[PDB]
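Novice: Okay, here's the structure, questions in a sec.
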Amino acid sequence: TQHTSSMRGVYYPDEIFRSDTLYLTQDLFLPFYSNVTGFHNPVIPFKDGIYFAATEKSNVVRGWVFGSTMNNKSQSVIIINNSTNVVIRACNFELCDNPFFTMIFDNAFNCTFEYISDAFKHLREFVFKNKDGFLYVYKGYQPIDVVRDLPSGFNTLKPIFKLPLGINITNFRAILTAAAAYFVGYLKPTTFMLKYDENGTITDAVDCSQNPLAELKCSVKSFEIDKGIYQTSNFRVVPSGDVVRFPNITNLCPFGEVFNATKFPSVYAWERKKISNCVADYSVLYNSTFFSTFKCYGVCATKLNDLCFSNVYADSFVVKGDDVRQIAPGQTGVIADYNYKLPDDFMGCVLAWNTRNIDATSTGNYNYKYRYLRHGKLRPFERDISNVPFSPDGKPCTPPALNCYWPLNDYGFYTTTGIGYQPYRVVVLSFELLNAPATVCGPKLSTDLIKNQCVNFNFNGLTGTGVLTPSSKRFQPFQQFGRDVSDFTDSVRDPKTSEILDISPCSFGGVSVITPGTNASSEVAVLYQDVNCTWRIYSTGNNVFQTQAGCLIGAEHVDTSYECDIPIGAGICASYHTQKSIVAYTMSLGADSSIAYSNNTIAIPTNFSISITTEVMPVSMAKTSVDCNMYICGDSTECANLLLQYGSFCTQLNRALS
Amino acid sequence: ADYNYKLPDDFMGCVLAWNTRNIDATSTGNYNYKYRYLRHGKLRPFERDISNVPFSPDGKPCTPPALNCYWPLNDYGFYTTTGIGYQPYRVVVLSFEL
Amino acid sequence: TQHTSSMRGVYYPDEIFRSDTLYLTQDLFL
Amino acid sequence: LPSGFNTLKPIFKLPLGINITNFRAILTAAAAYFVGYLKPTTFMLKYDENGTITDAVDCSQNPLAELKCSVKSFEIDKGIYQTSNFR
Amino acid sequence: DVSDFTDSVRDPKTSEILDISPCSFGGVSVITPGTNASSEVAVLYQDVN
Amino acid sequence: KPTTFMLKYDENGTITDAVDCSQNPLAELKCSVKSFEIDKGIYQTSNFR
Amino acid sequence: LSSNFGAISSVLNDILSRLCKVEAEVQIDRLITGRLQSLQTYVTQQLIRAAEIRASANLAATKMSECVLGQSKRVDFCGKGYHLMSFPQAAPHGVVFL
Amino acid sequence: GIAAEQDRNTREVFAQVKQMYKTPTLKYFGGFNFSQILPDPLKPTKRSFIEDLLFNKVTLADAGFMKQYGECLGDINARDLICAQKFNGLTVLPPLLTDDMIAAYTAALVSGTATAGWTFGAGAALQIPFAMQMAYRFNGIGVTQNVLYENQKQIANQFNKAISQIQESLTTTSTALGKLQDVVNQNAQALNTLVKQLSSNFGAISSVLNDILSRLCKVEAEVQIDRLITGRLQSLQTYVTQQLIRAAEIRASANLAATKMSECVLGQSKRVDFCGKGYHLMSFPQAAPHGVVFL
Amino acid sequence: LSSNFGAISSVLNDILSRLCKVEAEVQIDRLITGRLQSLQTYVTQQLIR
Ligand SMILES: C=CC1=C(C)/C(=C/c2[nH]c(/C=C3N=C(/C=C4/NC(=O)C(C)=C4C=C)C(C)=C\3CCC(=O)O)c(CCC(=O)O)c2C)NC1=O
Ligand SMILES: *[C@@H]1O[C@H](CO)[C@@H](O[C@@H]2O[C@H](CO)[C@@H](O)[C@H](O)[C@H]2NC(C)=O)[C@H](O)[C@H]1NC(C)=O
Ligand SMILES: *[C@@H]1O[C@H](CO)[C@@H](O[C@@H]2O[C@H](CO)[C@@H](O)[C@H](O)[C@H]2NC(C)=O)[C@H](O)[C@H]1NC(C)=O
Ligand SMILES: CCCCC/C=C/C/C=C\CCCCCCCC(=O)O
Ligand SMILES: *[C@@H]1O[C@H](CO)[C@@H](O)[C@H](O)[C@H]1NC(C)=O
Ligand SMILES: *[C@@H]1O[C@H](CO)[C@@H](O)[C@H](O)[C@H]1NC(C)=O
Ligand SMILES: *[C@@H]1O[C@H](CO)[C@@H](O)[C@H](O)[C@H]1NC(C)=O
Ligand SMILES: *[C@@H]1O[C@H](CO)[C@@H](O)[C@H](O)[C@H]1NC(C)=O
Ligand SMILES: *[C@@H]1O[C@H](CO)[C@@H](O)[C@H](O)[C@H]1NC(C)=O
Ligand SMILES: *[C@@H]1O[C@H](CO)[C@@H](O)[C@H](O)[C@H]1NC(C)=O
Ligand SMILES: *[C@@H]1O[C@H](CO)[C@@H](O)[C@H](O)[C@H]1NC(C)=O
Ligand SMILES: *[C@@H]1O[C@H](CO)[C@@H](O)[C@H](O)[C@H]1NC(C)=O
Ligand SMILES: *[C@@H]1O[C@H](CO)[C@@H](O)[C@H](O)[C@H]1NC(C)=O
Ligand SMILES: *[C@@H]1O[C@H](CO)[C@@H](O)[C@H](O)[C@H]1NC(C)=O
Ligand SMILES: *[C@@H]1O[C@H](CO)[C@@H](O)[C@H](O)[C@H]1NC(C)=O
Ligand SMILES: *[C@@H]1O[C@H](CO)[C@@H](O)[C@H](O)[C@H]1NC(C)=O
Ligand SMILES: *[C@@H]1O[C@H](CO)[C@@H](O)[C@H](O)[C@H]1NC(C)=O
């Protein structure tokens, strides 16, 4: 009831035609030699996309149904082939218990998509992949003749459909008429390397995760490796689990106190309030309050959740309609110069909404003022609520003088005036991130702590991968995070337990692959340089032994010593010897001999020989040259004009080559 | 952007929109346009959710009169004599490839 | 009246824990 | 004033929108108080493993500390070195 | 290509196949006896008949 | 016409000599070396032609 | 030449054909910097390899004068044993001494 | 390529004997005492006395080659450098020839010099009394054989006293092995710099990749991650270029050591100041960490 | 030092004088990167020679 799949599920990733190339790509593929489930009807889940194969001879498997909920309260799509035609239909079907082949649906309503095709043992295979509101279908056909299972082979799949459906697809179900069999496998995000022949089709492909040999093939970017020893990627441990930690905060933030306040101050006398110990759940504002302006500097609005803030201040005031564009970094005007100033390196969010009913009355509302005369501009986050008469020279005066005015000017708000002369309430929120203990924090759900293996962690918005260990550092009360010499985040404080945790990565140690050449065989040995296997190895082996260099898996340890063929290290060498196999030994220094020393005897030659010996020495190499303009820019004129500004690189390069 | 219509981060296309008050708004009140304001998550790019079932914050199936059981769709109220922020706008989004 | 500071007025730059570290900064110092 | 070395810790920062250009002390009705001005300069610090900031050097008083800032260490071997500008 | 330079295109009217290649090829070398000497030069085109 | 030229300025800010880069192989050599006086030998040039 | 170096495409024609002027001059300079750095790395490797070739050629030149034009008394400088004489032969990019 | 060149360097310097010779039980060859340059059988180490003295002087940066995960996962309270190097992807590989094999090679060379003389290098091992070999070498430098034979005893005494002087001077003086130790230090220094350059933000918003990915969108994080990637790639390229330049100098020194072993240990040289100051008689090789010492 | 490396100027004062922090710390970074690369190339050539 379960089988394996090998070299199944390769399709064209693009519409680019290329030939005689080895292209490398990374996306959702079915892994090589992976588990598939066989059926000879349940509700099979989707989870990322599906590889679906059907061995049949009498055409009994026809079409599918995809949908989140199989009731009629959701939206579902059927891809069915009746006796004469292929019809795709996305609607609100009430799915019967047995979708028998016609009459699968009892009724259909409120519906969006319909496609109807032209009038219409062996194996048919499909790949269904859903992303960005598009359902991609790939199809391949193979004339096989075996019956218990899926035959091992390499077959490519071609694109036929991408359907524009906005559907939650979490479940699917096949449709049967009434022998044959159908098999289901799950796609995963992996890296593959393909090969393109002269005609332009794909003939071979290799995974980069099943084997160390596959990792080496992807690294060197070839399908043929000579005899030797090669350094591959270090030993990786995949994360299995998740920990999410957040402080003990229950109550929500005072949205009604800040936004729905009875009155707001003037812009020259703006008011600042501290926000602390609350959960920023702004989705409760989706019913009453709506904002004409909302812009965030420093962070993304989508990342306003999943994140946890340190020191939040709210500044509130009232401006008129066309002054709201002055509440920004790097602006000039009457508000930005003399009333309210934002720093250049500002992290926060500015949000403003129109209040004409509550602030503008008939016959005027002259209660809001702004300053338009001042000796110099304001510093960031400063206010000046003084009221003294202003004279341009810089001398005190009296307001009935000629060069003596009042520095404040009244806003005039009426009910019947254009939007540029209407009241607007503005709130500026300021905060910093990843700097201090956090008291106002985002809405999430916490998870219990795991202290042994590699997990994804989320500590107050700090996201990463590693292992969590108990530590013994001494944090001051104002310190939340610690960093290393390379500014890695080594230590953290738990917001619930208040213990100190130490974070280190979960990949460690170098790996080498020893091969006798892919032409000779397809067997390899693996050397783990810093483990003691007398573990932290991966999948398997038959012979495991500990050299002075490290742990060797896949080789036989002989006792006799020969000359060195493939140098492993620390006195250990290895070769391919006779059914041939890889053997490892200690290298031989030379032929053993001895000569006796005596103080009254001497050895004298009585014959000679003439010997000629060859010695090869390199003398020269190839002379090369480069056109700097043709290599960098080609034939583009605009590139050449932009390249003229990079003076004295190409001359300095041609001079060296000459 | 959360419960009704979502655009991808790597979006190639054009967004255009124009004001239609004389054809979409009446003095009595045009209540023919709705929007979802309650959902159990955020939409993915170019997805749709046309479903009117009662909503409860805990997550259990509900009966429409209850303590905390709500209808998820609100109605736009489009009167003629209202400010520019409450007037109807028609939006067309064009998606390309090159 | 007149006096001399002689290595006075050094304060913590940040709120980050640092151990076995050497660290160079520009700021308003005495 | 003693000539020793001591580090200072943060206690509080206040959100005040004020030009502070003058200040004055408040005294009850023998003891002394000393006032010095801050200037924007570069310092080089050295922390303790389990403890606090223990060492700190300027880069402008003498050419020797300029050398210490150019090499970025406290222990210097015998010889001649080229120094940067911090004066 | 291997260098991601477009070579082949299908003509959208006649549905034939066309190949684009650069219009610049070959190395050109100039041999001079000196600008202080005469102003005549010799030109060598590398690897062409 | 849109072409490539090389100029020269004196010690009084005055322009005195200039050369086009698309009339001669010698002029192409002058523009590639970026000088007015060229020593004896064989040089490899750009393609301003 | 097929790398992006942080730009939107490795094909310069696409960038120049679909983008505005100022935005194209930002995407182009990344490709220019990347290709200059690649070509600089190649030249540095060639300069390092030429030194090893020159040292080998110096040894081959001093071994021609002291072993082909004379008889050397330095141990194992020209073959194993007592050196009688030596002959040169040409080889592709090299020399072979008998 | 650099690592393969290092192994070839060691092999070309040391493996110059076609066959290995057993050290004699008698270290006293006609008044010349060879006890301090040949291995001691009862002593646990298979190096000489002088080789032990040379190995003690170079404070070798202990390269591990067995640093398990639990050893670096523990001992966090001491911020070790090799743990940080291995955590950031930097690895040091062990040499092909261990120290014992090099000591065996040098013991075979000295045993061949004490018994066969100058003939095993340029042919077969032809044994000869040591005094006749010294007479031949005096004849080589221009002095007749009777000068050796008349006053052999005080020549042997001077030889033994000079060996004693060398052994004494390698127990106190520190700077003597300055060219080897520097090499070790240089490598370590470069590799340590490759860790500290991970703290530079390269004109981005932060040096930590997690914070950049955690508080920004896709397109805004692409620019910062690209700046970090470019900076770290060029830092690694700078490291590799410096290593390639240093390896050429190491190779030139190893070539000189190989020709000195060939022309001064296996023979007698008439080149002026090629092997010592004065008229050359013979030389003895001793092993050292990443190097050789000629007497 | 006269290369702008695709910035608005090869002079630092002009960039600092007609722009603000967020925008002017982008051009200065490009100038800094180009000048460090040129100094690195010079030191590499000297080390080889
Ligand atoms: C189930 C959905 C379904 C899809 C997506 C479909 C697509 C499809 N089937 C095709 C061929 C074909 N379609 C059928 C009939 C069938 N009767 C069945 O129940 C099944 C599953 C098939 C096979 C898809 C046959 C017999 C062929 C010709 C295959 C051959 O003999 O080479 C083709 C033309 C080949 C091409 O364009 O390259 C398409 C596009 N047909 C379908 O029925
Ligand atoms: C697509 O529809 C499915 C079906 O409802 C959604 O799955 C639910 O997701 C919410 C939010 O996480 C959970 O509370 C529910 O328990 C899920 N349903 C079931 C039956 O478990 C899915 O989230 C939808 N996708 C998107 C992007 O909104
Ligand atoms: C803070 O107050 C000081 C003192 O009142 C202000 O300094 C004055 O600046 C104006 C500007 O030309 C001068 O004419 C005055 O002579 C200054 N006063 C003194 C006493 O010298 C300062 O401007 C205020 N802060 C800000 C940011 O404006
Ligand atoms: C028209 C004569 C001056 C022409 C040259 C101008 C030089 C200075 C540049 C811009 C100043 C123009 C007025 C800007 C007013 C800002 C008003 C505001 O934002 O609140
Ligand atoms: C397939 O299932 C078997 C049965 O448990 C399991 O041992 C095997 O690991 C599975 N295959 C993979 C690739 O996980
Ligand atoms: C289908 O929807 C209708 C309302 O449109 C409902 O009355 C009916 O019960 C639904 N079908 C099932 C099987 O519940
Ligand atoms: C198959 O479905 C199509 C679309 O409804 C219809 O036109 C056609 O007649 C059907 N064929 C059969 C045999 O039912
Ligand atoms: C769905 O159908 C119901 C009645 O069947 C109707 O009231 C509602 O407007 C429809 N919704 C859509 C989006 O078509
Ligand atoms: C594919 O390439 C081969 C080359 O061996 C050629 O013979 C064949 O005709 C090509 N296929 C087509 C459809 O042209
Ligand atoms: C949204 O506002 C309406 C208006 O009265 C109210 O009836 C409804 O309960 C509000 N929603 C929630 C979740 O409180
Ligand atoms: C926070 O919640 C945890 C839950 O176990 C509790 O142990 C702790 O005392 C609470 N308070 C603080 C200040 O951590
Ligand atoms: C590996 O473990 C064995 C277990 O007995 C131990 O004897 C050996 O010394 C260990 N290896 C090293 C290098 O210490
Ligand atoms: C030396 O050896 C050769 C064989 O190579 C032999 O023919 C010759 O007779 C030998 N000479 C003497 C003197 O034995
Ligand atoms: C650690 O701190 C304690 C004070 O809590 C102090 O007594 C001890 O000396 C410190 N240890 C070191 C190594 O500085
Ligand atoms: C226009 O394009 C069509 C392809 O649909 C082609 O058959 C035709 O020859 C072209 N030219 C004219 C003049 O129609
Ligand atoms: C041009 O020269 C090439 C090589 O020198 C030669 O193969 C070719 O035949 C020549 N062309 C003619 C037309 O002779
Ligand atoms: C040779 O020297 C060693 C150490 O100097 C000494 O122990 C030994 O007795 C000497 N051999 C003699 C004097 O025969």
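In the structure tokens, each chain is lettered A, B, ... as it comes, each chain's residues begin at 1, and ligands are numbered from 1 in order of appearance.
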Apply DSSP to the structure's backbone, then extract all residues of region 10-58 of chain H labelled strand (DSSP E or B) and return them as a PyMOL selection string.
Specialist: chain H and resi 19-21+28-29+32-33
Novice: Give as a list in words the residues surrounding ligand 4 up to a distance of 6 Å, considering only C-alpha atoms and all ligand atoms.
Specialist: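 The neighbouring residues of ligand 4 are, in order, residues 332, 333 and 334 of chain A.
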Novice: Let me see the file: selected residues, N, CA, C and O atoms, as a JSON list (two decimals), in the first residue's frame.
Specialist:
[["chain", "number", "residue", "atom", "x", "y", "z"],
["A", 332, "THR", "N", 10.04, 70.86, 4.43],
["A", 332, "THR", "CA", 10.06, 72.26, 4.80],
["A", 332, "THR", "C", 8.65, 72.82, 4.72],
["A", 332, "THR", "O", 7.76, 72.23, 4.10],
["A", 333, "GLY", "N", 8.45, 73.95, 5.36],
["A", 333, "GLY", "CA", 7.14, 74.55, 5.44],
["A", 333, "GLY", "C", 6.95, 75.19, 6.80],
["A", 333, "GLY", "O", 7.87, 75.23, 7.61],
["A", 334, "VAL", "N", 5.74, 75.69, 7.04],
["A", 334, "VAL", "CA", 5.49, 76.39, 8.29],
["A", 334, "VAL", "C", 5.38, 75.41, 9.45],
["A", 334, "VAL", "O", 5.83, 75.71, 10.56]]
Novice: How would you report the residues lying within 7 Å of ligand 12, as a PyMOL selection string, if you count only C-alpha atoms and all ligand atoms?
Specialist: (chain A and resi 532-534) or (chain H and resi 66)
Novice: Let me have all residues with an atom within 8 Å of ligand 3, counting only C-alpha atoms and all ligand atoms, laid out as a PyMOL selection string.
Specialist: (chain A and resi 375-379+382+394) or (chain D and resi 18-21)
Novice: Could you list, as a PDB file with N, CA, C and O atoms, in the first residue's frame, all the residues within 8 Å of ligand 17, counting only C-alpha atoms and all ligand atoms?
Specialist:
ATOM      1  N   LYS H  27      76.555   4.167  18.760  1.00  0.00           N
ATOM      2  CA  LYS H  27      76.578   5.542  18.277  1.00  0.00           C
ATOM      3  C   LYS H  27      77.968   6.158  18.285  1.00  0.00           C
ATOM      4  O   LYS H  27      78.095   7.359  18.039  1.00  0.00           O
ATOM      5  N   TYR H  28      79.005   5.380  18.568  1.00  0.00           N
ATOM      6  CA  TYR H  28      80.357   5.897  18.737  1.00  0.00           C
ATOM      7  C   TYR H  28      81.218   5.355  17.601  1.00  0.00           C
ATOM      8  O   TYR H  28      81.600   4.181  17.610  1.00  0.00           O
ATOM      9  N   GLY H  31      85.549   7.651  17.843  1.00  0.00           N
ATOM     10  CA  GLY H  31      85.736   8.861  18.607  1.00  0.00           C
ATOM     11  C   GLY H  31      84.714   9.943  18.358  1.00  0.00           C
ATOM     12  O   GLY H  31      84.671  10.915  19.120  1.00  0.00           O
ATOM     13  N   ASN H  33      80.963  11.118  18.492  1.00  0.00           N
ATOM     14  CA  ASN H  33      79.781  10.748  19.259  1.00  0.00           C
ATOM     15  C   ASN H  33      78.530  11.223  18.530  1.00  0.00           C
ATOM     16  O   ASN H  33      78.332  12.427  18.349  1.00  0.00           O
ATOM     17  N   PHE H  34      77.683  10.274  18.126  1.00  0.00           N
ATOM     18  CA  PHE H  34      76.471  10.555  17.364  1.00  0.00           C
ATOM     19  C   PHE H  34      75.209  10.360  18.199  1.00  0.00           C
ATOM     20  O   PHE H  34      74.125  10.162  17.649  1.00  0.00           O
ATOM     21  N   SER H  35      75.335  10.403  19.523  1.00  0.00           N
ATOM     22  CA  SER H  35      74.234  10.027  20.399  1.00  0.00           C
ATOM     23  C   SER H  35      73.102  11.041  20.417  1.00  0.00           C
ATOM     24  O   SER H  35      71.952  10.656  20.646  1.00  0.00           O
ATOM     25  N   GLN H  36      73.391  12.315  20.184  1.00  0.00           N
ATOM     26  CA  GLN H  36      72.402  13.370  20.336  1.00  0.00           C
ATOM     27  C   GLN H  36      71.687  13.724  19.045  1.00  0.00           C
ATOM     28  O   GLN H  36      70.819  14.599  19.059  1.00  0.00           O
ATOM     29  N   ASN H 160      82.709  16.749  19.178  1.00  0.00           N
ATOM     30  CA  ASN H 160      81.815  16.463  20.299  1.00  0.00           C
ATOM     31  C   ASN H 160      81.509  17.718  21.109  1.00  0.00           C
ATOM     32  O   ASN H 160      80.368  17.925  21.545  1.00  0.00           O
ATOM     33  N   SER H 164      77.865  19.511  21.780  1.00  0.00           N
ATOM     34  CA  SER H 164      77.431  19.879  23.125  1.00  0.00           C
ATOM     35  C   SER H 164      77.065  21.356  23.216  1.00  0.00           C
ATOM     36  O   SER H 164      76.102  21.722  23.898  1.00  0.00           O
TER      37      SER H 164
END
Novice: Which neighbours of residue 12 (chain C) fall inside 8 Å, counting only C-alpha atoms, when residues of the same chain fewer than 3 positions from it are skipped, and could you give them as number ranges by chain?
Specialist: C: 15; D: 7-10, 53
Novice: Generate the output file for the selected residues, N, CA, C and O atoms, as a JSON list (two decimals), in the first residue's frame.
Specialist:
[["chain", "number", "residue", "atom", "x", "y", "z"],
["C", 15, "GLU", "N", 22.85, 49.23, 25.26],
["C", 15, "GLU", "CA", 22.20, 48.31, 26.18],
["C", 15, "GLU", "C", 22.39, 46.88, 25.69],
["C", 15, "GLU", "O", 21.45, 46.08, 25.70],
["D", 7, "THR", "N", 33.19, 54.21, 36.10],
["D", 7, "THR", "CA", 32.20, 54.17, 35.04],
["D", 7, "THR", "C", 30.82, 54.55, 35.59],
["D", 7, "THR", "O", 30.52, 54.38, 36.77],
["D", 8, "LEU", "N", 29.99, 55.10, 34.70],
["D", 8, "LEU", "CA", 28.67, 55.59, 35.06],
["D", 8, "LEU", "C", 27.62, 54.77, 34.33],
["D", 8, "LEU", "O", 27.85, 54.32, 33.20],
["D", 9, "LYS", "N", 26.47, 54.58, 34.97],
["D", 9, "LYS", "CA", 25.43, 53.74, 34.41],
["D", 9, "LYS", "C", 24.18, 54.56, 34.11],
["D", 9, "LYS", "O", 23.94, 55.58, 34.76],
["D", 10, "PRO", "N", 23.39, 54.17, 33.11],
["D", 10, "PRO", "CA", 22.14, 54.88, 32.83],
["D", 10, "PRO", "C", 21.13, 54.68, 33.95],
["D", 10, "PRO", "O", 20.99, 53.59, 34.50],
["D", 53, "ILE", "N", 32.70, 47.64, 32.15],
["D", 53, "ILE", "CA", 33.76, 48.32, 31.42],
["D", 53, "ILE", "C", 34.88, 48.66, 32.39],
["D", 53, "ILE", "O", 34.67, 49.35, 33.39]]
Novice: Once you count only C-alpha atoms and all ligand atoms, which residues end up within 7 Å of ligand 13, and could you hand them over as a list in words?
Specialist: residues 606, 607, 608 and 609 of chain A
Novice: Considering only C-alpha atoms, extract the chain B residues located within 9 Å of chain A and return them as a ChimeraX atom specification.
Specialist: /B:8,37-38,44-53,74,83-85
Novice: Restricting the output to N, CA and C atoms, write the selected residues as a PDB file, in the first residue's frame.
Specialist:
ATOM      1  N   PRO B   8       0.942  40.629  -4.627  1.00  0.00           N
ATOM      2  CA  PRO B   8       2.245  40.048  -4.295  1.00  0.00           C
ATOM      3  C   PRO B   8       3.300  41.119  -4.080  1.00  0.00           C
ATOM      4  N   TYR B  37     -14.718  42.180   7.133  1.00  0.00           N
ATOM      5  CA  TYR B  37     -13.878  42.749   8.177  1.00  0.00           C
ATOM      6  C   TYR B  37     -13.542  41.770   9.292  1.00  0.00           C
ATOM      7  N   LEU B  38     -14.033  40.536   9.229  1.00  0.00           N
ATOM      8  CA  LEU B  38     -13.736  39.516  10.226  1.00  0.00           C
ATOM      9  C   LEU B  38     -13.296  38.252   9.508  1.00  0.00           C
ATOM     10  N   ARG B  44      -3.772  35.093   1.054  1.00  0.00           N
ATOM     11  CA  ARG B  44      -2.588  35.014   0.221  1.00  0.00           C
ATOM     12  C   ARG B  44      -2.810  35.811  -1.057  1.00  0.00           C
ATOM     13  N   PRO B  45      -1.728  36.179  -1.782  1.00  0.00           N
ATOM     14  CA  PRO B  45      -1.888  36.939  -3.032  1.00  0.00           C
ATOM     15  C   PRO B  45      -2.823  36.330  -4.066  1.00  0.00           C
ATOM     16  N   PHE B  46      -3.697  37.182  -4.607  1.00  0.00           N
ATOM     17  CA  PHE B  46      -4.662  36.835  -5.652  1.00  0.00           C
ATOM     18  C   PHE B  46      -5.580  35.691  -5.234  1.00  0.00           C
ATOM     19  N   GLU B  47      -6.052  35.734  -3.996  1.00  0.00           N
ATOM     20  CA  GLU B  47      -7.019  34.773  -3.498  1.00  0.00           C
ATOM     21  C   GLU B  47      -8.364  35.439  -3.260  1.00  0.00           C
ATOM     22  N   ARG B  48      -9.397  34.610  -3.200  1.00  0.00           N
ATOM     23  CA  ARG B  48     -10.769  35.050  -3.032  1.00  0.00           C
ATOM     24  C   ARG B  48     -11.433  34.227  -1.935  1.00  0.00           C
ATOM     25  N   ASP B  49     -12.367  34.860  -1.212  1.00  0.00           N
ATOM     26  CA  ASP B  49     -13.167  34.188  -0.185  1.00  0.00           C
ATOM     27  C   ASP B  49     -14.589  34.745  -0.254  1.00  0.00           C
ATOM     28  N   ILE B  50     -15.450  34.063  -1.005  1.00  0.00           N
ATOM     29  CA  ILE B  50     -16.860  34.422  -1.089  1.00  0.00           C
ATOM     30  C   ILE B  50     -17.648  33.429  -0.235  1.00  0.00           C
ATOM     31  N   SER B  51     -17.860  33.786   1.028  1.00  0.00           N
ATOM     32  CA  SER B  51     -18.580  32.921   1.949  1.00  0.00           C
ATOM     33  C   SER B  51     -19.152  33.741   3.095  1.00  0.00           C
ATOM     34  N   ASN B  52     -20.442  33.582   3.372  1.00  0.00           N
ATOM     35  CA  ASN B  52     -21.120  34.331   4.425  1.00  0.00           C
ATOM     36  C   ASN B  52     -21.609  33.340   5.474  1.00  0.00           C
ATOM     37  N   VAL B  53     -20.736  33.016   6.422  1.00  0.00           N
ATOM     38  CA  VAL B  53     -21.079  32.154   7.549  1.00  0.00           C
ATOM     39  C   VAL B  53     -20.827  32.953   8.822  1.00  0.00           C
ATOM     40  N   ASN B  74     -19.521  43.792   6.235  1.00  0.00           N
ATOM     41  CA  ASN B  74     -20.087  45.109   6.453  1.00  0.00           C
ATOM     42  C   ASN B  74     -20.506  45.713   5.120  1.00  0.00           C
ATOM     43  N   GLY B  83     -18.058  63.568   2.329  1.00  0.00           N
ATOM     44  CA  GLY B  83     -16.736  63.983   1.919  1.00  0.00           C
ATOM     45  C   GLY B  83     -16.053  63.006   0.978  1.00  0.00           C
ATOM     46  N   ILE B  84     -14.856  63.394   0.527  1.00  0.00           N
ATOM     47  CA  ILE B  84     -14.171  62.673  -0.547  1.00  0.00           C
ATOM     48  C   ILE B  84     -13.694  61.303  -0.067  1.00  0.00           C
ATOM     49  N   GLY B  85     -13.524  61.144   1.241  1.00  0.00           N
ATOM     50  CA  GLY B  85     -13.065  59.881   1.781  1.00  0.00           C
ATOM     51  C   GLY B  85     -14.123  58.811   1.910  1.00  0.00           C
TER      52      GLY B  85
END
Novice: Throw together the list of residues within 7 Å of ligand 1, counting only C-alpha atoms and all ligand atoms, and drop it here as number ranges by chain.
Specialist: A: 59-63, 79-81, 86, 124, 141, 160
Novice: Please determine, counting only C-alpha atoms and all ligand atoms, which residue among B:11, B:55, B:76, B:96 has the shortest atom-to-atom distance to ligand 10.
Specialist: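 Closest to ligand 10, using only C-alpha atoms and all ligand atoms: B:55.
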Novice: To one decimal place in Å, what is the distance between CA of residue 21 (chain E) and CA of residue 635 (chain A)?
Specialist: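 Value for the CA of residue 21 (chain E)-CA of residue 635 (chain A) distance: 10.7 Å.
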Novice: Would you kindly report the residues of chain A within 9 Å of chain F, using only C-alpha atoms, as a PyMOL selection string?
Specialist: chain A and resi 625+627-630+651+654
Novice: Would you give me, as a VMD selection string, the residues of chain A that come within 8 Å of chain H, using only C-alpha atoms?
Specialist: chain A and resid 234 298 to 300 302 to 303 307 434 461 to 464 472 to 473 485 to 488 504 to 505 507 to 510 529 to 532 549 to 550 567 to 572 589 to 604
Novice: Taking 2 positions as the minimum chain separation for residues in the same chain, which residues sit within 10 Å of residue 34 (chain D) when counting only C-alpha atoms? Answer as an mmCIF file with C-alpha atoms, in the first residue's frame.
Specialist:
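The resulting result.cif:
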data_model
loop_
_atom_site.group_PDB
_atom_site.id
_atom_site.type_symbol
_atom_site.label_atom_id
_atom_site.label_comp_id
_atom_site.auth_asym_id
_atom_site.auth_seq_id
_atom_site.Cartn_x
_atom_site.Cartn_y
_atom_site.Cartn_z
ATOM 1 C CA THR C 1 39.107 76.849 41.403
ATOM 2 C CA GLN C 2 40.807 75.247 38.394
ATOM 3 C CA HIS C 3 41.262 71.461 38.518
ATOM 4 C CA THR C 4 41.887 68.422 36.309
ATOM 5 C CA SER C 5 39.560 65.582 35.319
ATOM 6 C CA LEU D 1 38.514 65.721 42.998
ATOM 7 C CA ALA D 32 32.013 71.294 46.722
ATOM 8 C CA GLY D 36 33.148 70.109 33.125
#
